[PDB]
There are 2 protein chains.
Amino acid sequence: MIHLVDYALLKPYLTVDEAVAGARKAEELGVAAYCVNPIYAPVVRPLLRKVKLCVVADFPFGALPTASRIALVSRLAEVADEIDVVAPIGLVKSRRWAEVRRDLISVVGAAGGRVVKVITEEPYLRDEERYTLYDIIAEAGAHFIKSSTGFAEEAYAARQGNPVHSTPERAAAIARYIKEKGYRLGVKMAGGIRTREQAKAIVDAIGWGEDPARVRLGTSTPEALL
Amino acid sequence: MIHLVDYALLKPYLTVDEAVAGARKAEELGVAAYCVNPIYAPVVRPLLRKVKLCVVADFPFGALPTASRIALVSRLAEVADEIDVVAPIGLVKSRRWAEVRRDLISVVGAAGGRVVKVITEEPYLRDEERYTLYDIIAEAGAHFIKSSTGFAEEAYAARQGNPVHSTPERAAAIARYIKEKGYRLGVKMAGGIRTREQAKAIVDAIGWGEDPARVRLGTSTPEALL
Ligand SMILES: [Zn+2]
Ligand SMILES: [Zn+2]
């Protein structure tokens, strides 16, 4: 199960030494990828060989102008293996679908070939928004739907009717939809996955077995599940 | 005192309608500036006449590589009157001063003369970091030091021995240092400023009167101020 893990150290106060130590630990554990803020991509790049270098973009708000977002992703694609970009959360809540799809198609297209995961921030969404968004993400040709940033607020999330942490039910809901629509999209759950038990539950919930190309587990405590 | 206020609506889930409402409210109140995430800059631009258009950059982590930060600030300066960019927090915690100054000097200078405020994120800093950071901010030619993003984590703050909300003690300390070093820098306290008395407390502590070019009060509840 360790090979389905995207080991994430994304706190803004993470230091160079900590980022370097993380990469080293990522390689030894054999995780699927190591995710860090863009600033540390160059220093970590040399330490990764088998494990993929994953970077977040317009994280964690997804509140940058589309023009800046495509530009950022374009640069990032020069050194990162995979890019986890936040959806335009604000525009989604505004139900500005025309703008949401214009943004995601252009942003994903800017990654030029790299594996792109769009963070939907499930804690902030309602059902009428999430499925329309999933359709847009498939339309954009993204590789994965990442459930959350790991920085969602509990208060607002609750008002939208959601828990802040990943649950097997949400994971299954996303996986069921993709499968039913026949989309070529993987599912990456993140948030509150710090025990091997919970992780296992999410994998069984998604129902695709342990396929790294279709399933990823985002966590800051990888050792805990292997 | 409302004229020293920087009315900020930065939640990623804020809607377009909410951002418009905010601009209208900003103009009615006569606050110094209205701060939003760059995505809403264009739509708010028209509703702002007397009030300055303020936008945050690489917010709230300040964890993008320098090149992207420069490009971002350059683009933002084309439509925003003021730019509140986050300092490279991770690098500051790493005490990578050579890199921190190369970054801030470059980023601030990419603003093309616009009013630039560098967010220090006081809740995450120690004395061994903040003063050297202030020196760098001055060396970079910024107009203001913004105390915090408003999204600092309570746990890490406590770990660093700092409160998350703004305090007169902190404001006075920043002011005293800039006065002693002769820096041409303003002080913008933000975060937890909920009342008129708290706001007055901060203004008195800074000791520069109600001078907008040197003192700002960032808050999401401006009405409470006056
Ligand atoms: Zn497969
Ligand atoms: Zn003055």
# chains A, B, ... in the order shown; residues from 1 in each chain; ligands from 1
$ residues_near_ligand --ligand "ligand 1" --cutoff "7 Å" --atoms "only C-alpha atoms and all ligand atoms" --output "count of residues only"
3
$ interface_residues --of "chain A" --to "chain B" --cutoff "10 Å" --atoms "only C-alpha atoms" --output "MDAnalysis selection string"
chainID A and resid 10:19 36:42 56:69 71:73 75:76 88:96 124:125 151:153 156:157
$ residues_near_ligand --ligand "ligand 2" --cutoff "12 Å" --atoms "only C-alpha atoms and all ligand atoms" --output "PyMOL selection string"
chain B and resi 4+143+184-187+207-216
$ closest_residue --among "B:51, B:9, B:128, B:121" --to "residue 28 (chain B)" --atoms "only C-alpha atoms"
B:51
$ residues_around --residues "residue 219 (chain A)" --least-positions-apart "3" --cutoff "8 Å" --atoms "only C-alpha atoms" --output "number ranges by chain"
A: 5-8, 190-194, 222
$ select_by_dssp --residues "region 46-176 of chain A" --states "strand (DSSP E)" --output "PyMOL selection string"
chain A and resi 52-57+82-86+115-119+144-146
$ atom_distance --atom1 "CA of residue 22 (chain A)" --atom2 "CA of residue 55 (chain A)"
13.6 Å
$ residues_around --residues "residue 53 (chain B)" --least-positions-apart "6" --cutoff "8 Å" --atoms "only C-alpha atoms" --output "list in words"
residues 33, 34, 35, 41, 44, 45, 80, 81 and 82 of chain B
$ write_last_selection --atoms "C-alpha atoms" --output "mmCIF file, in the first residue's frame"
data_model
loop_
_atom_site.group_PDB
_atom_site.id
_atom_site.type_symbol
_atom_site.label_atom_id
_atom_site.label_comp_id
_atom_site.auth_asym_id
_atom_site.auth_seq_id
_atom_site.Cartn_x
_atom_site.Cartn_y
_atom_site.Cartn_z
ATOM 1 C CA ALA B 33 -8.075 49.794 0.631
ATOM 2 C CA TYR B 34 -10.002 46.680 -0.317
ATOM 3 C CA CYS B 35 -7.942 43.460 -0.464
ATOM 4 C CA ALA B 41 -9.208 42.088 -9.072
ATOM 5 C CA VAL B 44 -13.701 44.806 -8.297
ATOM 6 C CA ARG B 45 -11.542 47.383 -10.124
ATOM 7 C CA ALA B 80 -3.766 46.537 -8.496
ATOM 8 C CA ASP B 81 -2.897 49.731 -6.629
ATOM 9 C CA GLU B 82 -1.345 47.816 -3.728
#
$ closest_residue --among "B:108, B:54, B:23, B:199" --to "residue 224 (chain B)" --atoms "only C-alpha atoms"
B:199
$ atom_distance --atom1 "CA of residue 123 (chain B)" --atom2 "CA of residue 86 (chain A)"
25.5 Å
$ atom_distance --atom1 "CA of residue 179 (chain A)" --atom2 "CA of residue 50 (chain A)"
29.0 Å
$ residues_around --residues "residue 30 (chain B)" --least-positions-apart "4" --cutoff "7 Å" --atoms "only C-alpha atoms" --output "PyMOL selection string"
chain B and resi 2-3+26+51
